[PDB]
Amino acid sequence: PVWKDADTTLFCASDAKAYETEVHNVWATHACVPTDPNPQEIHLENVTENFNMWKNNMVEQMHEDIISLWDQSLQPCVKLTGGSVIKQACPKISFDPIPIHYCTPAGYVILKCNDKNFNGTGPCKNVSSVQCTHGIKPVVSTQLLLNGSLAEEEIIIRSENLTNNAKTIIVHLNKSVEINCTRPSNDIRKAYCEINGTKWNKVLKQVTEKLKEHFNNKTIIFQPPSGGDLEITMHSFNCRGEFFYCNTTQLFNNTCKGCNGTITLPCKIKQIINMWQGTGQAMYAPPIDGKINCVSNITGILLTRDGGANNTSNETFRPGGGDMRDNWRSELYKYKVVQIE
């Protein structure tokens, strides 16, 4: 059993259904093979390996897959890019992400870190090997990570470098909080998301506790994003093919008193989007008729820390995504590819 750190082209595997018209199944049918019928996980005795989730080529490869998936599935009525405009066809699609497995070809293996407290960087003491990752749903979103896996013990704070304020922080929850979003059947663009504020505020208290530990028992304060475009100032995500933008100010107010019922976030279905794939603008068709509803699990939070305040008494955090690679990272963090030397 000898190996060395290496990079290589992965392949993908899924349980896509060949009869399904849903666009993730369509994509997986022709670009992935069926998932491993008998997956095998070999434990490595007294092996210690070093991982680095911020420098992991698997993330880059998943990003390209999802870009390609979106480019052949959600085609927009009009793409505006670098001076050129292109009008295409934009029929309403069936959209519901499915888990994708990433798998190494012959000569390579995936090492899997099984330390329950692992924060993404540093040495792992409980390593296994696998031919494929577990199945990861490629959920595109900002501010909140949805429908992901949970941390197994305590809330985990993940950052390439906590001291650097421009480094995005990933909070990995150990308890999911449901967010239930609805555009009622009968303003067709107006919608809302319902969160159990009791559940949310309690989990958010535990996040502050955890952030305290890393920040010298200082005063932890949350605040809405300090400007930017709507995809970053709002919790943005796609629901049955429709782009939802949800004001999360009520989630990131430190108030929490008589605040512990249901939190209704005001939302909008937008037709003009600032693409996350490549720089540009895409215009999609107005929303389908009827009740549009998505019930998801908040499994993590994307946070950006306010810079320039070392001699202040407190650290403020704001929600902030946009770089979808961090979404992939929050699930690939325990994997790394190695060449069997």
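A residue's number is simply how far along the shown sequence it sits, counting from 1.
- Where residue 113 is followed by residue 114 in the displayed chain, the model omits none of the deposited residues that would sit between the two.
- Count the deposited residues lacking coordinates between residue 186 and residue 187 and you get 4 to 9 of them.
- According to the PDB record, 247 to 255 carries the higher mean C-alpha B-factor of the two stretches 156 to 164 and 247 to 255.
- The stretch 80 to 88 shows the higher mean C-alpha B-factor when 207 to 215 is compared against 80 to 88 in the entry.
- The PDB entry gives the largest Cα B-factor of the residues 55, 305, 63, 30 to 305.
- Note on the listed residues 268, 137, 125, 134: the highest Cα temperature factor in the record is that of 125.
- Remark: residue 59 belongs to the lowest third of its chain, ranked by C-alpha B-factor as recorded.
- Among all modelled residues in this chain, the alpha-carbon of residue 4 has a temperature factor (C-alpha) in the highest third.
- Residue 39 sits in the highest third of its chain by CA B factor, as recorded in the PDB entry.
- For residue 199, the recorded CA B-factor ranks within the highest third of the chain. Only modelled residues enter the ranking.
- In the PDB entry, a CA B factor belonging to the highest third of its chain's modelled residues is recorded for residue 261.
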